[PDB]
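Asker: For reference, the structure I am asking about is given below.
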Amino acid sequence: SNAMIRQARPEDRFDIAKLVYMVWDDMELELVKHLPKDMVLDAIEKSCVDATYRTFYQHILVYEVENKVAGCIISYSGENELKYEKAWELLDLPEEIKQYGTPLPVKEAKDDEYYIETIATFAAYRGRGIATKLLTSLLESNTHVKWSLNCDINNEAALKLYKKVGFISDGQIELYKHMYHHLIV
(Lines give C-alpha, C1' and ligand atoms only; values in the text may rest on other atoms or scores of the structure.)
Protein backbone atom coordinates (compact mmCIF):
# COMPACT_ATOMS: atom_id res chain seq x y z
CA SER A 1 0.00 0.00 0.00
CA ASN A 2 1.06 3.63 -0.48
CA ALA A 3 2.06 5.87 2.38
CA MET A 4 -0.30 8.78 2.76
CA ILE A 5 -1.08 11.94 4.69
CA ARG A 6 -4.84 12.37 5.14
CA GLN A 7 -7.56 13.47 7.51
CA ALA A 8 -8.10 11.13 10.43
CA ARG A 9 -11.21 8.97 10.32
CA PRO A 10 -13.18 7.61 13.31
CA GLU A 11 -11.52 4.19 12.93
CA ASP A 12 -8.09 5.76 13.43
CA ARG A 13 -9.01 6.60 17.02
CA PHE A 14 -7.50 3.53 18.66
CA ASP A 15 -3.97 4.26 17.32
CA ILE A 16 -4.41 7.99 17.91
CA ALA A 17 -5.30 7.17 21.56
CA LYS A 18 -2.03 5.28 22.08
CA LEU A 19 -0.07 8.23 20.68
CA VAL A 20 -1.90 10.79 22.88
CA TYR A 21 -1.62 8.47 25.87
CA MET A 22 2.19 8.35 25.42
CA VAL A 23 2.39 12.12 25.29
CA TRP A 24 0.22 12.52 28.41
CA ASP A 25 2.36 9.90 30.22
CA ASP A 26 5.54 11.86 29.40
CA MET A 27 3.78 14.98 30.73
CA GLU A 28 3.00 13.07 33.96
CA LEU A 29 -0.67 14.08 33.99
CA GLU A 30 -2.04 13.13 37.40
CA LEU A 31 -4.99 11.23 35.87
CA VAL A 32 -2.56 9.16 33.77
CA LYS A 33 -0.32 8.55 36.80
CA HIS A 34 -3.18 7.35 39.02
CA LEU A 35 -5.75 5.79 36.67
CA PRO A 36 -5.68 2.49 34.79
CA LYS A 37 -4.34 2.75 31.22
CA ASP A 38 -7.30 0.76 30.00
CA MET A 39 -9.69 3.37 31.25
CA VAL A 40 -7.69 6.38 30.06
CA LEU A 41 -7.32 4.88 26.55
CA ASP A 42 -11.04 4.16 26.28
CA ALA A 43 -11.63 7.78 27.32
CA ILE A 44 -9.23 9.29 24.74
CA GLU A 45 -10.69 7.04 22.05
CA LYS A 46 -14.15 8.40 22.84
CA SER A 47 -12.71 11.95 22.90
CA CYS A 48 -11.85 11.47 19.19
CA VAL A 49 -15.42 10.73 17.94
CA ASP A 50 -18.16 11.32 20.55
CA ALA A 51 -17.73 15.07 21.07
CA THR A 52 -15.44 17.81 19.78
CA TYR A 53 -12.66 17.52 22.30
CA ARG A 54 -9.12 18.82 21.55
CA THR A 55 -8.36 15.41 20.02
CA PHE A 56 -11.45 15.27 17.75
CA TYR A 57 -10.60 13.36 14.55
CA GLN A 58 -11.60 16.51 12.67
CA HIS A 59 -8.55 18.20 14.22
CA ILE A 60 -6.14 15.45 13.17
CA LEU A 61 -4.02 14.52 10.15
CA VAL A 62 -2.46 11.07 10.16
CA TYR A 63 0.51 9.55 8.36
CA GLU A 64 -0.64 6.13 7.17
CA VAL A 65 2.11 3.55 6.45
CA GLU A 66 1.25 0.04 5.20
CA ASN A 67 -2.42 0.54 6.18
CA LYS A 68 -1.42 1.54 9.75
CA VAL A 69 -1.36 4.96 11.53
CA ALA A 70 2.37 5.73 11.94
CA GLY A 71 1.90 9.17 13.42
CA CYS A 72 -0.41 12.13 13.80
CA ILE A 73 -0.63 15.88 14.15
CA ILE A 74 -3.40 17.63 16.19
CA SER A 75 -4.39 21.27 15.69
CA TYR A 76 -7.40 23.62 16.19
CA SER A 77 -8.13 27.34 16.76
CA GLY A 78 -6.67 28.88 19.88
CA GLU A 79 -9.83 30.93 20.36
CA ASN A 80 -11.95 27.80 20.84
CA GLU A 81 -9.32 25.91 22.93
CA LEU A 82 -11.14 25.91 26.28
CA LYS A 83 -14.44 25.08 24.53
CA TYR A 84 -12.82 21.98 23.02
CA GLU A 85 -11.40 21.04 26.45
CA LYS A 86 -14.81 21.35 28.17
CA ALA A 87 -16.26 18.86 25.68
CA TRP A 88 -14.48 16.12 27.64
CA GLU A 89 -17.53 16.32 29.93
CA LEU A 90 -19.84 14.99 27.16
CA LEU A 91 -18.01 11.62 26.98
CA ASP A 92 -19.43 8.36 28.37
CA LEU A 93 -16.90 7.77 31.13
CA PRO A 94 -16.66 5.86 34.41
CA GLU A 95 -17.02 7.90 37.57
CA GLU A 96 -13.47 7.07 38.56
CA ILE A 97 -11.98 9.08 35.69
CA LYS A 98 -14.72 11.77 35.81
CA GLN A 99 -13.57 12.67 39.33
CA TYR A 100 -10.30 14.04 37.87
CA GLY A 101 -12.04 16.73 35.84
CA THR A 102 -10.91 17.44 32.31
CA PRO A 103 -7.34 16.28 31.43
CA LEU A 104 -5.91 19.61 30.15
CA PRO A 105 -7.53 22.70 31.87
CA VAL A 106 -4.63 25.08 31.17
CA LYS A 107 -4.93 27.38 28.15
CA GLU A 108 -1.84 26.41 26.12
CA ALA A 109 -2.44 28.78 23.15
CA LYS A 110 -3.50 32.30 22.25
CA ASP A 111 -6.70 33.51 20.66
CA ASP A 112 -5.12 34.71 17.38
CA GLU A 113 -3.43 31.32 16.74
CA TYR A 114 -4.15 28.04 15.04
CA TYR A 115 -2.55 25.90 17.77
CA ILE A 116 -0.70 22.71 16.99
CA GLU A 117 -1.07 20.81 20.24
CA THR A 118 0.54 17.45 19.39
CA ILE A 119 2.97 15.93 16.85
CA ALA A 120 3.50 12.26 17.63
CA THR A 121 5.12 9.24 15.96
CA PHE A 122 5.16 5.56 16.96
CA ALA A 123 8.68 4.37 17.93
CA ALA A 124 8.70 1.73 15.14
CA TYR A 125 8.32 4.46 12.49
CA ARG A 126 10.85 6.93 13.89
CA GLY A 127 13.65 8.35 11.75
CA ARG A 128 11.51 8.65 8.61
CA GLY A 129 10.71 12.38 8.72
CA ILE A 130 7.07 11.66 9.59
CA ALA A 131 6.71 14.60 12.04
CA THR A 132 8.37 16.99 9.60
CA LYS A 133 6.16 15.77 6.78
CA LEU A 134 2.98 16.10 8.87
CA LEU A 135 3.95 19.55 10.05
CA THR A 136 4.92 20.81 6.58
CA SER A 137 1.72 19.52 5.04
CA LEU A 138 -0.43 21.01 7.85
CA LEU A 139 1.23 24.45 7.51
CA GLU A 140 0.59 24.39 3.74
CA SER A 141 -3.18 23.68 4.35
CA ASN A 142 -3.75 27.36 5.38
CA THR A 143 -1.25 30.14 4.71
CA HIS A 144 -3.74 32.78 5.93
CA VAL A 145 -3.31 31.94 9.63
CA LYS A 146 -0.77 32.20 12.42
CA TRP A 147 0.20 28.73 13.57
CA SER A 148 1.59 28.15 17.03
CA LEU A 149 3.13 25.35 19.09
CA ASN A 150 4.82 24.66 22.39
CA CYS A 151 8.24 22.95 22.36
CA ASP A 152 9.78 21.34 25.44
CA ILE A 153 12.83 23.51 26.26
CA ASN A 154 14.89 20.32 26.76
CA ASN A 155 14.17 19.10 23.26
CA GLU A 156 16.67 20.86 20.98
CA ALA A 157 16.14 18.54 18.03
CA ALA A 158 12.46 19.53 17.89
CA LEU A 159 13.36 23.21 18.32
CA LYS A 160 15.80 23.03 15.37
CA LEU A 161 13.20 21.21 13.27
CA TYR A 162 10.65 23.93 14.11
CA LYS A 163 13.00 26.85 13.41
CA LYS A 164 14.00 25.18 10.12
CA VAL A 165 10.39 25.26 8.80
CA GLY A 166 10.18 28.91 9.90
CA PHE A 167 8.84 29.14 13.48
CA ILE A 168 10.08 32.01 15.65
CA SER A 169 10.28 32.46 19.40
CA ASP A 170 7.34 34.10 21.14
CA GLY A 171 8.12 33.62 24.82
CA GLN A 172 8.17 30.69 27.23
CA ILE A 173 5.21 29.01 28.97
CA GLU A 174 4.99 26.70 31.97
CA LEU A 175 2.56 23.82 31.66
CA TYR A 176 2.13 21.15 34.32
CA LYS A 177 5.53 21.85 35.92
CA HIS A 178 7.52 21.74 32.65
CA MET A 179 8.76 24.69 30.62
CA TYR A 180 8.04 25.10 26.90
CA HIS A 181 9.12 27.47 24.12
CA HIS A 182 6.04 29.13 22.64
CA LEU A 183 6.69 29.33 18.88
CA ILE A 184 4.78 30.96 16.00
CA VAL A 185 4.85 31.05 12.20
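Naming scheme: A, B, ... for chains in displayed order of the C-alpha coordinates; residues 1 onward per chain; ligands 1 onward as shown.
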As an MDAnalysis selection string, which residues of region 25-180 of chain A does DSSP assign to alpha helix (DSSP H)?
Answerer: chainID A and resid 25:26 30:34 37:49 81:86 95:98 130:140 156:164
Asker: As a PyMOL selection string, please: every residue in region 23-152 of chain A that a backbone DSSP assignment puts in strand (DSSP E).
Answerer: chain A and resi 60-65+68-77+114-121+147-152
Asker: Next, the residues of the selection above should be written as a short mmCIF file (atom, residue, chain, number, x, y, z; two decimals), in the first residue's frame with N, CA, C and O atoms.
Answerer:
```
data_model
loop_
_atom_site.label_atom_id
_atom_site.label_comp_id
_atom_site.auth_asym_id
_atom_site.auth_seq_id
_atom_site.Cartn_x
_atom_site.Cartn_y
_atom_site.Cartn_z
N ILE A 60 -7.31 16.31 13.27
CA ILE A 60 -6.14 15.45 13.17
C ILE A 60 -5.85 15.04 11.73
O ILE A 60 -6.76 14.62 11.00
N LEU A 61 -4.58 15.18 11.34
CA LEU A 61 -4.02 14.52 10.15
C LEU A 61 -3.15 13.35 10.58
O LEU A 61 -2.40 13.44 11.56
N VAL A 62 -3.25 12.24 9.86
CA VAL A 62 -2.46 11.07 10.16
C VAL A 62 -1.53 10.78 9.00
O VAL A 62 -1.86 11.12 7.84
N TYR A 63 -0.39 10.17 9.33
CA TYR A 63 0.51 9.55 8.36
C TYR A 63 0.28 8.03 8.39
O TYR A 63 0.61 7.35 9.35
N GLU A 64 -0.32 7.53 7.32
CA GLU A 64 -0.64 6.13 7.17
C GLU A 64 0.48 5.42 6.40
O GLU A 64 0.78 5.79 5.28
N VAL A 65 1.10 4.42 7.04
CA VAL A 65 2.11 3.55 6.45
C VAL A 65 1.62 2.09 6.47
O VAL A 65 1.29 1.52 7.54
N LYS A 68 -1.46 1.29 8.31
CA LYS A 68 -1.42 1.54 9.75
C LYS A 68 -1.09 3.01 10.02
O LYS A 68 -0.28 3.60 9.30
N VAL A 69 -1.69 3.59 11.07
CA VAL A 69 -1.36 4.96 11.53
C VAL A 69 0.02 4.97 12.16
O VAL A 69 0.23 4.35 13.21
N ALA A 70 0.97 5.63 11.49
CA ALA A 70 2.37 5.73 11.94
C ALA A 70 2.57 6.91 12.87
O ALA A 70 3.46 6.92 13.73
N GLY A 71 1.77 7.94 12.66
CA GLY A 71 1.90 9.17 13.42
C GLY A 71 0.72 10.08 13.18
O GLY A 71 -0.09 9.84 12.28
N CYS A 72 0.65 11.15 13.96
CA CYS A 72 -0.41 12.13 13.80
C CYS A 72 -0.04 13.51 14.27
O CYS A 72 0.92 13.67 15.03
N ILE A 73 -0.79 14.49 13.77
CA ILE A 73 -0.63 15.88 14.15
C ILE A 73 -2.00 16.48 14.50
O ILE A 73 -2.95 16.27 13.77
N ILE A 74 -2.09 17.20 15.63
CA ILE A 74 -3.40 17.63 16.19
C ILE A 74 -3.36 19.14 16.34
O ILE A 74 -2.48 19.66 16.97
N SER A 75 -4.33 19.82 15.72
CA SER A 75 -4.39 21.27 15.69
C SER A 75 -5.83 21.78 15.60
O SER A 75 -6.68 21.10 15.07
N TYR A 76 -6.06 22.99 16.11
CA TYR A 76 -7.40 23.62 16.19
C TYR A 76 -7.23 25.09 16.61
O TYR A 76 -6.15 25.48 17.10
N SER A 77 -8.27 25.91 16.45
CA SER A 77 -8.13 27.34 16.76
C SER A 77 -7.87 27.57 18.22
O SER A 77 -8.52 26.96 19.08
N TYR A 114 -3.75 29.41 15.30
CA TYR A 114 -4.15 28.04 15.04
C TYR A 114 -3.10 27.14 15.69
O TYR A 114 -1.98 26.97 15.17
N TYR A 115 -3.47 26.60 16.86
CA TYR A 115 -2.55 25.90 17.77
C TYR A 115 -2.35 24.46 17.36
O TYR A 115 -3.31 23.70 17.20
N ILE A 116 -1.08 24.08 17.24
CA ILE A 116 -0.70 22.71 16.99
C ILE A 116 -0.33 22.14 18.36
O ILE A 116 0.73 22.42 18.89
N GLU A 117 -1.22 21.32 18.90
CA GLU A 117 -1.07 20.81 20.24
C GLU A 117 -0.07 19.64 20.31
O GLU A 117 0.69 19.54 21.26
N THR A 118 -0.12 18.75 19.32
CA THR A 118 0.54 17.45 19.39
C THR A 118 1.12 17.05 18.02
O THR A 118 0.43 17.16 17.01
N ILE A 119 2.38 16.61 18.01
CA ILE A 119 2.97 15.93 16.85
C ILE A 119 3.62 14.68 17.37
O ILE A 119 4.57 14.77 18.13
N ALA A 120 3.10 13.51 16.99
CA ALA A 120 3.50 12.26 17.63
C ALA A 120 3.76 11.15 16.62
O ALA A 120 3.04 11.02 15.63
N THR A 121 4.79 10.34 16.87
CA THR A 121 5.12 9.24 15.96
C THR A 121 5.34 7.98 16.80
O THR A 121 5.96 8.04 17.84
N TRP A 147 0.10 29.99 12.87
CA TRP A 147 0.20 28.73 13.57
C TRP A 147 1.09 28.88 14.78
O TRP A 147 2.06 29.65 14.78
N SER A 148 0.75 28.18 15.84
CA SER A 148 1.59 28.15 17.03
C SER A 148 1.81 26.74 17.57
O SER A 148 1.06 25.82 17.28
N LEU A 149 2.87 26.59 18.37
CA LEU A 149 3.13 25.35 19.09
C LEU A 149 4.00 25.61 20.29
O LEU A 149 4.60 26.68 20.43
N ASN A 150 4.05 24.61 21.16
CA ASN A 150 4.82 24.66 22.39
C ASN A 150 5.86 23.55 22.45
O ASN A 150 5.52 22.38 22.49
N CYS A 151 7.13 23.92 22.47
CA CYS A 151 8.24 22.95 22.36
C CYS A 151 8.95 22.83 23.69
O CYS A 151 9.51 23.81 24.19
N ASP A 152 8.97 21.64 24.25
CA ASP A 152 9.78 21.34 25.44
C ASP A 152 11.18 21.97 25.31
O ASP A 152 11.91 21.69 24.38
#
```
Asker: Which residues come within 8 Å of region 95-106 of chain A, counting only C-alpha atoms, excluding same-chain residues fewer than 3 positions away, as a ChimeraX atom specification?
Answerer: /A:29,31,35,39-40,82,85-86,88-89,175
Asker: Hey, could you make a per-residue contact list for region 46-131 of chain A against region 171-174 of chain A with 12 Å as the cut-off, showing the nearest pair of atoms and its distance in Å to one decimal, counting only C-alpha atoms, sorted by chain and number, as CSV?
Answerer:
```
residue,atom,partner,partner_atom,distance
A:106,CA,A:174,CA,9.8
A:107,CA,A:173,CA,10.3
A:108,CA,A:173,CA,8.0
A:109,CA,A:173,CA,9.6
A:110,CA,A:173,CA,11.5
```
Asker: Closest to residue 136 (chain A) among A:41, A:165, A:51, A:159, using only C-alpha atoms?
Answerer: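 Ranking A:41, A:165, A:51, A:159 by distance to residue 136 (chain A), first place goes to A:165.
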